[PDB]
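Only one structure is covered here, and it is reproduced in the block below.
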Amino acid sequence: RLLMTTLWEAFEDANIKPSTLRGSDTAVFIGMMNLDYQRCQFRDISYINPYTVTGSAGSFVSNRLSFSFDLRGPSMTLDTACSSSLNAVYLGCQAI
Amino acid sequence: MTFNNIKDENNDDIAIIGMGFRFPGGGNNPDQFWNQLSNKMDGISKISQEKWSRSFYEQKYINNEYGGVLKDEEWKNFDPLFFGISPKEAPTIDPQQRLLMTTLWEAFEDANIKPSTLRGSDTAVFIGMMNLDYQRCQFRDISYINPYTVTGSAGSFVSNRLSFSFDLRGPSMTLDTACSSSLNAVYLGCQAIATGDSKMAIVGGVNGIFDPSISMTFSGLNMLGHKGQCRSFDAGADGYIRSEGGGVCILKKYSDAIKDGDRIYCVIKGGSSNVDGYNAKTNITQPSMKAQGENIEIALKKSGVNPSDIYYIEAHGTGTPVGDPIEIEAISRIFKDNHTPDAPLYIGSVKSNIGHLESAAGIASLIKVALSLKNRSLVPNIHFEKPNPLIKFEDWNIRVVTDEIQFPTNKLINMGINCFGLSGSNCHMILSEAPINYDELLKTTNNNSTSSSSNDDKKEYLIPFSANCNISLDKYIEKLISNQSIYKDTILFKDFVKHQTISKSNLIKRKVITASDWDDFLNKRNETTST
Amino acid sequence: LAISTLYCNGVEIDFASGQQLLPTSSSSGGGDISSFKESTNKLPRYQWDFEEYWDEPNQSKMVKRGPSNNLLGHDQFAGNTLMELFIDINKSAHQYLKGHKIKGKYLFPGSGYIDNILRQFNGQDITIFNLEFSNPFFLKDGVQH
Amino acid sequence: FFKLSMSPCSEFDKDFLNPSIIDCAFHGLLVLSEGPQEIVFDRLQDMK
């Protein structure tokens with residue numbers, strides 16, 4: 001949720017209308033190490049509804065943004081806990 | 001015309017000089033895995049009491065009671081003394097990481113490289129992972145937790161533990177993008193080699209199953225099969241079974257690998273990895289025909305080949321009646337214009353043989369394609385009795401491997417690897433035979449052959465044998481003894497001497513044996529008489 | 001034997017150059033470098049001194065039991081014995097309960113308590129001195145009671 | 001006096017006495033009452 005909201009805010013900041021960026025390859029590297037909401041979900045293994053993983057898996061941190069903005073570039077998400085996002089910065093520099 | 005001055009002008013020429021794996025069904029080394037594929041091994045088995053009770057499946061919480069699993073003790077086993085892991089820290093270490101360290105050392109042993117020569121040299125380490133099932137097993141209670149949990153199970157340590165245990169100073173990351181994570185790591189390794197970051201890159205992925213949580217959640221959406229058998233490209237397609245295991249492959253610049261003369265499985269001609277996004281797409285979990293088509297086209301353009309020169313593709317065929325026709329038609333749009341039914345395009349899926357690797361499918365397909373390339377043959381495909389009617393085979397000049405096929409002995413072989421994550425990511429690479437010709441290699445390989453009769457060959461050598469602990473050394477030598485018949489016919493003793501001299505590294509428990517052939521080896525097996 | 005002992009006692013030996021195995025001459029083809037590299041693949045890898053390490057809290061064992069076919073349910077090990085259970089009659093092992101329709105609601109059987117009594121004390125001659133059903137148990141659809 | 005059918009309620013049930021059998025056993029007693037009624041159980045004493 002934070003990623004989508006702040007990404008739209010970042011586009012609004014960057015003087016770019018996201019409408020002009022749909023369908024154009026633009027890689028999306030994000031960082032993450034924790035799944036605290038997922039572990040809050042899994043406190044019981046008698047309920048679990050089938051929409052948990054698709055809402056909390058590792059893949060979706062970047063792929064949800066990608067699907068919500070038609071960014072066709074490579075889409076990954078990084079651990080390396082304390083420097084993960086900076087590693088993602090380096091990978092973005094690589095992909096550019 | 002001149003044929004000289006041909007060079008790997010693409011930094012997209014990166015070879016694979018070895019591997020290592022723990023795959024369902026018992027694959028542990030390339031030769032045995034190959035012999036298992038050629039005999040239609042079905043790694044799918046029954047998930048035992050250890051992972052979760054059977055009561056789930058019978059009440060269809062977990063829709064299928066099958067899975068491609070390692071033997072549950074093969075997850076537990078380790079040798080923490082070897083890697084400087086005090087046994088106080090062993091229980092808190094992720095079994096995924098245990099698999100990575102063990103299979104990485106095995107991969108080094110395979111790749112004719114002593115790890116001692118690779119300490120302190122930059123060599124990137126990209127591994128893949130999506131699950132932390134052991135960590136969630138740990139955190140079933142939040143009154144106990146000991147402070148050595150996270151350092152034994154966090155995301156960072158899957159790659160960083162290997163890095164710390166082998167002095168690989170290259171960039172060290174670990175990747176999600178669940179179903180194509182390890183293949184994404186392959187692409188990142190190719191990146192880190194081409195851009196001059198490092199002179200070697202180790203790439204793999206792992207996936208461990210230790211809790212019914214993720215399995216239930218997947219079965220709820222009916223992604224997983226109902227009968228229990230993964231079945232690619234057929235009418236019985238009902239869903240893909242989830243499996244365990246992991247592996248790694250070692251990538252080295254082709255010029256450097258040929259310069260040192262190592263066993264080159266194949267050469268990556270490169271590829272690309274993109275994502276569906278919203279192109280011809282409805283929601284997240286709906287693979288896009290156009291996106292995979294574009295991925296294939298981009299990789300083909302970058303590799304500098306023609307689609308008319310693709311002899312095989314490792315299809316991502318899971319066994320879902322929805323996704324398989326979609327991706328097959330995506331492949332068709334590219335290749336059906338450039339093949340004819342007499343010589344069509346062959347596809348396949350390791351997912352059929354070993355089940356679907358939930359997070360290590362990329363490395364599974366990579367190892368399978370590397371093996372098929374090294375051995376100049378195509379493995380069969382199982383569970384293929386009736387094609388799915390949504391697939392237009394003759395209208396697309398597409399065929400599925402049903403029996404082992406030998407490569408034509410006059411054409412360079414190019415094969416492509418497809419693996420799409422469920423979150424839309426598609427990662428594809430183009431692999432190929434190593435460009436060193438082997439038709440003319442007979443003259444130079446016969447230089448050591450037919451040269452064992454000379455008297456200098458009757459000389460008895462001093463073959464060493466090294467290991468960390470005494471029991472490891474004894475196990476090794478007993479294994480060598482037990483195969484007196486197999487080795488005597490396929491390996492000349494001189495090659496074995498060279499191997500035991502160079503390939504193995506020097507460990508503390510050193511042993512020396514004198515022999516001149518196999519009979520002498522079994523005779524003077526030991527010289528413990530009075531000294 | 002001497003070279004053997006010096007190798008054993010800690011002295012590193014370059015066995016390759018020692019026996020002129022590696023190319024010490026000017027002429028050694030590509031096959032001389034890689035023939036064994038290709039033929040020794042079948043050799044067993046490093047045998048490991050395997051030890052078994054594992055740590056799953058017993059709570060994880062008590063969770064992996066999943067649902068229960070019988071109506072007694074699974075045991076919460078605590079104090080006086082405590083038998084817990086979750087019911088979703090749509091499932092297979094409790095589907096027959098849907099046949100107990102009363103006033104339009106799938107009411108829990110009266111004899112389900114009797115079955116639980118027999119199960120908890122399985123395999124012994126039992127007497128139920130008295131048993132009193134006070135409140136009714138309604139079982140909806142798709143809701144785990 | 002009445003004959004009670006014996007069939008497992010589910011493929012995963014392999015005990016001798018299902019709840020279904022025990023509850024059905026009360027139907028013979030219930031048959032013996034006549035006239036429109038809304039009968040719900042309230043007690044039972046001294047089962048052996």
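In the structure tokens, the first chain shown is A, the next is B, and so on; residue numbers restart at 1 for each chain, and ligands run from 1 in the order shown.
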Open item on the list: List the spatial neighbours of residue 8 of chain A as a ChimeraX atom specification - criterion: any atom at most 12 Å away, only C-alpha atoms, same-chain residues fewer than 5 positions off excluded.
Closed with: /A:1-3,13-19,21,65,68-69
Given the selection you just returned, output its residues as a file containing N, CA and C atoms, formatted as a PDB file, in the first residue's frame.
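Saved to out_38.pdb:
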```pdb
ATOM      1  N   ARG A   1       0.834  -1.193   0.000  1.00  0.00           N
ATOM      2  CA  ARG A   1       0.000   0.000   0.000  1.00  0.00           C
ATOM      3  C   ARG A   1       0.870   1.245   0.000  1.00  0.00           C
ATOM      4  N   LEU A   2       1.885   1.256   0.863  1.00  0.00           N
ATOM      5  CA  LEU A   2       2.801   2.385   0.910  1.00  0.00           C
ATOM      6  C   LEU A   2       3.491   2.573  -0.431  1.00  0.00           C
ATOM      7  N   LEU A   3       3.946   1.482  -1.047  1.00  0.00           N
ATOM      8  CA  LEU A   3       4.618   1.599  -2.339  1.00  0.00           C
ATOM      9  C   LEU A   3       3.716   2.220  -3.393  1.00  0.00           C
ATOM     10  N   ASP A  13       5.247  14.246  -8.165  1.00  0.00           N
ATOM     11  CA  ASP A  13       6.396  15.095  -7.884  1.00  0.00           C
ATOM     12  C   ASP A  13       7.254  15.296  -9.125  1.00  0.00           C
ATOM     13  N   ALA A  14       7.445  14.239  -9.909  1.00  0.00           N
ATOM     14  CA  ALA A  14       8.439  14.255 -10.974  1.00  0.00           C
ATOM     15  C   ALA A  14       7.925  14.912 -12.248  1.00  0.00           C
ATOM     16  N   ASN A  15       6.842  15.682 -12.142  1.00  0.00           N
ATOM     17  CA  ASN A  15       6.292  16.430 -13.273  1.00  0.00           C
ATOM     18  C   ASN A  15       5.975  15.523 -14.455  1.00  0.00           C
ATOM     19  N   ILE A  16       5.633  14.272 -14.173  1.00  0.00           N
ATOM     20  CA  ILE A  16       5.307  13.298 -15.203  1.00  0.00           C
ATOM     21  C   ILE A  16       3.928  12.732 -14.911  1.00  0.00           C
ATOM     22  N   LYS A  17       3.045  12.795 -15.900  1.00  0.00           N
ATOM     23  CA  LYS A  17       1.736  12.178 -15.791  1.00  0.00           C
ATOM     24  C   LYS A  17       1.889  10.685 -16.026  1.00  0.00           C
ATOM     25  N   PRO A  18       1.487   9.831 -15.090  1.00  0.00           N
ATOM     26  CA  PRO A  18       1.666   8.384 -15.273  1.00  0.00           C
ATOM     27  C   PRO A  18       0.996   7.846 -16.523  1.00  0.00           C
ATOM     28  N   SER A  19      -0.009   8.563 -17.026  1.00  0.00           N
ATOM     29  CA  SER A  19      -0.652   8.155 -18.267  1.00  0.00           C
ATOM     30  C   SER A  19       0.338   8.102 -19.420  1.00  0.00           C
ATOM     31  N   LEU A  21       3.312   7.095 -19.218  1.00  0.00           N
ATOM     32  CA  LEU A  21       4.283   6.041 -18.997  1.00  0.00           C
ATOM     33  C   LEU A  21       3.703   4.640 -19.056  1.00  0.00           C
ATOM     34  N   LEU A  65       3.242  -2.959  -8.258  1.00  0.00           N
ATOM     35  CA  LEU A  65       3.479  -1.666  -8.890  1.00  0.00           C
ATOM     36  C   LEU A  65       3.550  -1.819 -10.400  1.00  0.00           C
ATOM     37  N   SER A  68       0.258  -2.263 -11.863  1.00  0.00           N
ATOM     38  CA  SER A  68      -0.567  -1.078 -11.708  1.00  0.00           C
ATOM     39  C   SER A  68      -0.067   0.108 -12.513  1.00  0.00           C
ATOM     40  N   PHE A  69       1.087   0.008 -13.169  1.00  0.00           N
ATOM     41  CA  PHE A  69       1.557   1.116 -13.990  1.00  0.00           C
ATOM     42  C   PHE A  69       2.130   0.716 -15.342  1.00  0.00           C
TER      43      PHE A  69
END
```
Task: Interface list for chain A, partner chain B, 6 Å threshold, only C-alpha atoms, as a list in words - done: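 The contacting residues on chain A are residues 50, 58, 59, 66, 67, 70, 72, 73, 74, 77, 78, 79, 80 and 81 of chain A.
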Open item on the list: Give me, as a list in words, the residues of chain D that a backbone DSSP run labels strand (DSSP E or B).
Closed with: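 Assigned to strand (DSSP E or B), within chain D: residues 44, 45, 46 and 47 of chain D.
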- [ ] At a cut-off of 12 Å, list the chain B residues touching chain D, using only C-alpha atoms, as a list in words.
- [x]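 Written out as asked, the residues are residues 54, 55, 56, 57, 58 and 59 of chain B.
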Selection from above, N, CA and C atoms, as a PDB file, in the first residue's frame, can you write it?
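Output file part_25.pdb is given in full below:
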```
ATOM      1  N   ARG B  54      -1.783 -35.925   7.234  1.00  0.00           N
ATOM      2  CA  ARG B  54      -2.597 -36.253   6.071  1.00  0.00           C
ATOM      3  C   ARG B  54      -4.000 -35.676   6.184  1.00  0.00           C
ATOM      4  N   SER B  55      -4.410 -35.274   7.388  1.00  0.00           N
ATOM      5  CA  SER B  55      -5.791 -34.865   7.608  1.00  0.00           C
ATOM      6  C   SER B  55      -6.159 -33.662   6.752  1.00  0.00           C
ATOM      7  N   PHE B  56      -5.168 -32.851   6.383  1.00  0.00           N
ATOM      8  CA  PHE B  56      -5.423 -31.709   5.516  1.00  0.00           C
ATOM      9  C   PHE B  56      -6.033 -32.144   4.190  1.00  0.00           C
ATOM     10  N   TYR B  57      -5.381 -33.093   3.515  1.00  0.00           N
ATOM     11  CA  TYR B  57      -5.777 -33.431   2.152  1.00  0.00           C
ATOM     12  C   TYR B  57      -7.149 -34.083   2.113  1.00  0.00           C
ATOM     13  N   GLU B  58      -7.427 -34.977   3.059  1.00  0.00           N
ATOM     14  CA  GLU B  58      -8.687 -35.704   3.009  1.00  0.00           C
ATOM     15  C   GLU B  58      -9.872 -34.772   3.192  1.00  0.00           C
ATOM     16  N   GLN B  59      -9.677 -33.657   3.890  1.00  0.00           N
ATOM     17  CA  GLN B  59     -10.699 -32.629   3.998  1.00  0.00           C
ATOM     18  C   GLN B  59     -10.491 -31.511   2.990  1.00  0.00           C
TER      19      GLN B  59
END
```
Neighbours of chain C in chain A at 8 Å, counting only C-alpha atoms, as a PDB file with N, CA, C and O atoms, in the first residue's frame:
```pdb
ATOM      1  N   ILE A  45      -3.647 -21.542  11.499  1.00  0.00           N
ATOM      2  CA  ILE A  45      -3.642 -22.292  10.250  1.00  0.00           C
ATOM      3  C   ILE A  45      -4.920 -23.117  10.171  1.00  0.00           C
ATOM      4  O   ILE A  45      -4.933 -24.228   9.630  1.00  0.00           O
ATOM      5  N   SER A  46      -5.997 -22.590  10.735  1.00  0.00           N
ATOM      6  CA  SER A  46      -7.321 -23.145  10.513  1.00  0.00           C
ATOM      7  C   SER A  46      -8.209 -22.244   9.673  1.00  0.00           C
ATOM      8  O   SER A  46      -9.236 -22.705   9.176  1.00  0.00           O
ATOM      9  N   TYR A  47      -7.838 -20.976   9.500  1.00  0.00           N
ATOM     10  CA  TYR A  47      -8.702 -20.040   8.792  1.00  0.00           C
ATOM     11  C   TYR A  47      -8.290 -19.865   7.341  1.00  0.00           C
ATOM     12  O   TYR A  47      -9.150 -19.790   6.459  1.00  0.00           O
TER      13      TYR A  47
END
```
- [ ] Could you list the residues in chain C lying within 6 Å of chain B, using only C-alpha atoms, and format the result as an MDAnalysis selection string?
- [x] chainID C and resid 4 8 16 31 36 47:55 60 64:66 91:92
Open item on the list: For a test of reading the model, state the distance in Å between atom CA of residue 458 of chain B and atom CA of residue 33 of chain C, rounded to one decimal.
Closed with: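 Between atom CA of residue 458 of chain B and atom CA of residue 33 of chain C the gap is 21.1 Å.
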Task: chain C residues near chain D (12 Å cut-off, only C-alpha atoms) as a PyMOL selection string - done: chain C and resi 68-72+91-100+102-103+107-119+122-136
TODO: For residue 23 of chain C, please output as number ranges by chain all residues within 8 Å (counting only C-alpha atoms; exclusion window: fewer than 4 positions along the same chain).
DONE: C: 27-28, 32
Now that the selection is made, can you save its residues with N, CA and C atoms as a compact mmCIF listing (two decimals), in the first residue's frame?
```
# COMPACT_ATOMS: atom_id res chain seq x y z
N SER C 27 54.37 -29.62 -25.73
CA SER C 27 53.24 -30.10 -26.51
C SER C 27 52.30 -30.90 -25.62
N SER C 28 51.09 -30.38 -25.43
CA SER C 28 50.02 -31.10 -24.74
C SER C 28 48.70 -30.53 -25.24
N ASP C 32 44.62 -33.48 -23.68
CA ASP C 32 45.46 -33.78 -22.53
C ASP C 32 45.09 -32.94 -21.32
```
- [ ] Measure the distance from atom CA of residue 28 of chain A to atom CA of residue 314 of chain B in Å and round it to one decimal.
- [x]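 That distance, rounded to one decimal, is 26.4 Å.
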Open item on the list: Using Å and a single decimal, report how far atom CA of residue 265 of chain B sits from atom CA of residue 437 of chain B.
Closed with: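 So the two atoms, atom CA of residue 437 of chain B and atom CA of residue 265 of chain B, lie 13.1 Å apart.
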- [ ] Write down as a list in words the residues belonging to segment 47-136 of chain C that are assigned alpha helix (DSSP H) by DSSP computed on the backbone.
- [x]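 Filtering segment 47-136 of chain C down to alpha helix (DSSP H) leaves residues 58, 59, 60, 61, 62, 63, 111, 112, 113, 114, 115, 116, 117, 118, 119 and 120 of chain C.
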If we count only C-alpha atoms and set the cut-off at 7 Å, which residues sit around residue 74 of chain C, ignoring sequence neighbours fewer than 6 positions away in its own chain? Please answer as an mmCIF file with N, CA, C and O atoms, in the first residue's frame.
```cif
data_model
loop_
_atom_site.group_PDB
_atom_site.id
_atom_site.type_symbol
_atom_site.label_atom_id
_atom_site.label_comp_id
_atom_site.auth_asym_id
_atom_site.auth_seq_id
_atom_site.Cartn_x
_atom_site.Cartn_y
_atom_site.Cartn_z
ATOM 1 N N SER C 68 -9.666 -32.239 11.964
ATOM 2 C CA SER C 68 -9.917 -33.561 12.520
ATOM 3 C C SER C 68 -11.181 -34.131 11.900
ATOM 4 O O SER C 68 -12.219 -33.463 11.884
ATOM 5 N N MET C 83 -10.380 -30.803 24.781
ATOM 6 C CA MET C 83 -10.541 -31.285 23.420
ATOM 7 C C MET C 83 -11.194 -30.202 22.571
ATOM 8 O O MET C 83 -12.387 -29.927 22.718
ATOM 9 N N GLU C 84 -10.425 -29.598 21.672
ATOM 10 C CA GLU C 84 -10.940 -28.515 20.846
ATOM 11 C C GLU C 84 -11.206 -29.020 19.436
ATOM 12 O O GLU C 84 -10.690 -30.055 19.018
ATOM 13 N N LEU C 85 -12.012 -28.260 18.698
ATOM 14 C CA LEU C 85 -12.472 -28.679 17.382
ATOM 15 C C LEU C 85 -13.062 -27.519 16.592
ATOM 16 O O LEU C 85 -13.752 -26.666 17.157
#
```
Open item on the list: Residues within 9 Å of residue 33 of chain B, please, as a list in words. Count only C-alpha atoms; anything in the same chain fewer than 4 positions from it doesn't count.
Closed with: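 Using only C-alpha atoms, the neighbours found are residues 23, 26, 27, 28, 29, 37, 38, 368 and 371 of chain B.
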TODO: Please provide as an NGL selection string all residues within 10 Å of residue 36 of chain A, with the sequence filter that same-chain residues fewer than 5 positions apart are discarded (counting only C-alpha atoms).
DONE: :A and (41-42 or 56)
Task: Residues within 9 Å of segment 354-357 of chain B, only C-alpha atoms, excluding chain neighbours under 5 positions, as an MDAnalysis selection string - done: chainID B and resid 23:25 41:44 67:69 179 206:207 229:231 240:246 318 362 364
